[PDB]
Every structure is written in structure tokens, then in C-alpha cells.
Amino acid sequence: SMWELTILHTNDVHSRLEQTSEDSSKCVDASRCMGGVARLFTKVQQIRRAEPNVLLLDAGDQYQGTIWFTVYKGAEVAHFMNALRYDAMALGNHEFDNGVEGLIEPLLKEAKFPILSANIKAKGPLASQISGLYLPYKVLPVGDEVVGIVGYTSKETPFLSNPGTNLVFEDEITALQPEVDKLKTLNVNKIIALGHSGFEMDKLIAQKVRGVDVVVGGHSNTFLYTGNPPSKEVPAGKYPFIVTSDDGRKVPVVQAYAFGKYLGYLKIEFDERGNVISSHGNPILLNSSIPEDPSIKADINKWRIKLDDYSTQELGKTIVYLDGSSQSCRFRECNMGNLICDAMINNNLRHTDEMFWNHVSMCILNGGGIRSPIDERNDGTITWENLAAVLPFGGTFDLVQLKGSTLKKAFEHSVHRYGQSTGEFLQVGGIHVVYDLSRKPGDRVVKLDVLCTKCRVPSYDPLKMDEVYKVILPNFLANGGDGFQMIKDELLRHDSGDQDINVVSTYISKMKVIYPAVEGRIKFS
């Protein structure tokens, strides 16, 4: 005898409540738009009506990405996930972006489903405050069986978000194994690991955590597919990805890209003792072939009324595609990066009253801070809402004095673990860098020319290690985010800047028509 479970799964939805363009920017041409919570609900109900044993799971990073989260601050997440009737969610890194209070009062108190993390431990006054609002696991009834779901969250969360110093983020394998053993002693024979640490960590969990039957992941924005993929996303492996564990077991690992563009869909056949005997499926592309549910869409429109103040005024026009996609901006020079760096540099030079920074022409910008493209095909209109999708974090473009050796160390860090879509890869202004990736990590920077400052005509001269340079960058990077510890430690001055999104809107308002290009600021050898 066999027992079939259908796992429906989203991850890194990142406040894409409404349907989006193919690239996850704002919907303009409705006939070609994709995803959003109303469309997901239609596909979820289609599966639920057909399959008797169904779990709808989220692997974190619902928080942050559009004006939805800027305005509603997680109430939209609670509300629409409840309307969809998610069975469980794992805490991601972006769930702590508005502090622990930003997690508790909107999401944890209003969610009608369990929220999960087994490697986040609470200490101090916070322990009693957050007791039971999230859990290490939940044991869910599914038909006449039970399925254990055990949660996890990235160890990098303190370095990427605002979880506060009373939350300790343990190792995933060390925290998960006792919980999985606890569930076995409670006669839960089917166990799903649901969490938010990336596809590599998901694979290690599948391997090393004995008793885990399936890993549903997130954080790396990984697309897995078996067969011919339905859109632009290139699959990193088959769906599901099969790990061979330490005790010889085949453990399926899944992820469902990002932005609610796909619904992950895995059918698993279990024996009577909760061993996986087979698995199959694929992520389902939520395109115009699936209608947005009328009820959920009507509710979305009601919540949408408050947001329409942010889409009113045209700040300017683009006549080129502003490529702010992760696949470009984390792997090579992207023109959205160039735009943002040029805006950073240009805005700073209006502050003529402050003479220490009035010649700053160099810029560094973490690629992962660029959160969305903007489309050029609607007479390429750029509103505030469009900008808020690119720059949702409410950071500042701060000013730092750095030694040359600090700067070379940062450019080595930029490509130290290249090829995994991590956000540390640097977009630049007033810098020409050339990488050779065949060299070992810490020695991949082969050419590095920067704009001179003690010179009448600015030209790109080679960077000297002993020389000091002035750079404009996100406060995230100045304070040591993305493992840029050399910046925070070794910087000589650090001034607070202007607000990031205001800098870019000012710049676009000034220029009227923008046309940034890929110029060979970042080259490969």
C-alpha cells in the first residue's frame, strides 16, 4: 500500500501580491502578466479539488519587494496567505527586516497557520514575548496520516537583516537533527524540512539530517525543472533534485524560483512506514492560461486603493530596458547598477556647501541590492512604485574614505564565491575592474583602474595600494553587510548620505529621459 502527498510550494515571493511582468517588474500589458496571489489561488484550488492529500508551504522571504510591503508592513502577507490557506511557512531572512516587532505584530499574531524555525533561539526578555508565536516544528494532519514539518532559517540573517541581538541563529544540521529525532520518537514517520538557507544548504540537510524525507527550500532563487522549461529561467538541475543521503536514501530537494511566478508542485509516494518510494513533478508557470480568482482579485483591488498615491506622478522616461534582474546584476555589469551609481555620484555633487565630498566620482553598489527591473515599452514611464521595487530597503548612499588595499580586498570579495547568485558582486561607477575567474579566490582581480582626484582632467589610473580613495556606497556596505567586513573595519571616514530612493528619483527628474548602457566597467578575462 501507498500514500500520496502533493506538496505545493512558494518561496521568495517578495511582496509580489499583484501579477507582474515576465521579469517580475510591475504589470503593464495584462495579457502577458504572470503570478500574483489571485492567480496562485486559482491553481491551488484546481489541485486541491483533484488531489486528496495536499500541503501548501512557504519557504520564507514573503517580506519586502514592492510598495505593498512598504505600506502594509506584513499585514498583506498575513491576510493573503490566510486567504490562500497555507498550511505552514518557514521564517526567511527578510521577515526580520522591520525588526522583531515587525515580525511579531503583523505576521506571527495574525497568521492562522504555523510559522517555523528550529535554529532560531530566543534569549533575554524576548524569550517569553515570542514564546509559541513561532515553533521549531508542526505536526499536521493530512487525511488519516500526520506529516511533520520542521523549519529552518539562514545563518546569514543577522548580517542581511535586523533580527536583534536576543535571537541566536544556530547551525541548521545541529538544530534540525534533535527535532527530527523527537518527531520519530513521537511516531511521525513522514518529515518535510521547510526552510530558508539556499540550495547548497538544502542539499547538505538532505544528506546529513537522518529522517528528513523531503527538503522544500528557498533563499537562492533556484529554478529546477525536468524537461523543456516554460519561460526565461534556466534550470540549475532537475525537479526534484535528488540527494543521496549518508544512510543511502534518495531525498528529493525542491525550490520554486521567486516572485510568485511559479507554484512548486511535487507528488511523493510514501510506503506505510513513511519512506519515499518515488517522487515527481515540476513548477507550474502561473501565466495568462490560469485566470486570477475573482474573489481574491476583488480583495487585492480593495487593498490596492491605498497604494495608488505612489503610482501617480511620472518622475521621468526610460528609452532602454533597465536590467535590474539578479541574473545580470549579480553576474556582470548591468545597466540598472550603472544608473544607480551615476545617480549616487550626481546627487552628491549638488551638496556644494560640504567641500570634503564635492569631488567624489567613485561608486560601489552590491548587485543584490538591485531588486527589480523597469520596463521601457509603455512610453517607458518611471513612477515612484517602479523605483520602490528596485530599492525597497530604505537605505542611504553613504560616503567613505578607504585605503586602496581595502578597495582591492572588497573587489576580491565581490567574486570570492562567484557563480551562485549571491548579492555581494559589485556594480560600479568611476571604476574599471577586470576579473580572471580561473585564478583562485582572493586573487581574481587582474586590472583595477579608478578615476584620479589629484588631476585636472579625470582619467582612469591604476589603483595604488598605499593611496587613499573616496567612495559613495550603500550604508549596508559601509556597516559591513554582504560580508564586506574590510570596509567597516578599515575605513577612515564614514558620513551618512541622502535617502537611496530619493537620490534616484531626483536624478531621473533632472535627466527627464534616461538611457544607461553596459560600457565595460566590469570585464572578464
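Numbering starts at 1 and runs along the sequence shown.
Participant: Per the PDB record, is the mean Cα temperature factor higher over 252-260 or over 430-438?
Facilitator: Stretch with the greater average CA B-factor: 430-438.
Participant: Per the PDB record, is the mean Cα temperature factor higher over 52-60 or over 473-481?
Facilitator: Comparing 473-481 with 52-60, the higher mean C-alpha B-factor belongs to 473-481.
Participant: Say you rank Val147, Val212, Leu349, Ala90 by Cα B-factor from the PDB entry; which sits at the top?
Facilitator: Spelled out: the listed residue with the top C-alpha B-factor is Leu349.
Participant: Pick out which of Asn82, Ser220, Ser414, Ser128 has the highest C-alpha B-factor in the PDB entry.
Facilitator: Out of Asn82, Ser220, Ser414, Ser128, the record gives the largest C-alpha B-factor to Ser128.
Participant: According to the PDB entry, is the CA B factor of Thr381 in the bottom, middle or top third of its chain, that is, lowest, middle or highest?
Facilitator: CA B-factor rank for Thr381: highest third.
Participant: Name the third of the chain's ranked CA B-factors that contains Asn282, choosing lowest, middle or highest.
Facilitator: Within its chain, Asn282 is a lowest-third residue by C-alpha B-factor, going by the deposited values.
Participant: Looking at the temperature factor on the CA atom of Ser496, which third of the chain's modelled residues does it land in?
Facilitator: Ranked within chain, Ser496 CA B lands in the highest tercile.
Participant: Within this chain, which third does the Cα B-factor at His359 fall in: lowest, middle or highest?
Facilitator: Highest third.
Participant: Determine, from the deposited record, the chain-internal third of the Cα B-factor for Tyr321: lowest, middle or highest.
Facilitator: Its C-alpha B-factor belongs to the middle third of this chain's values.
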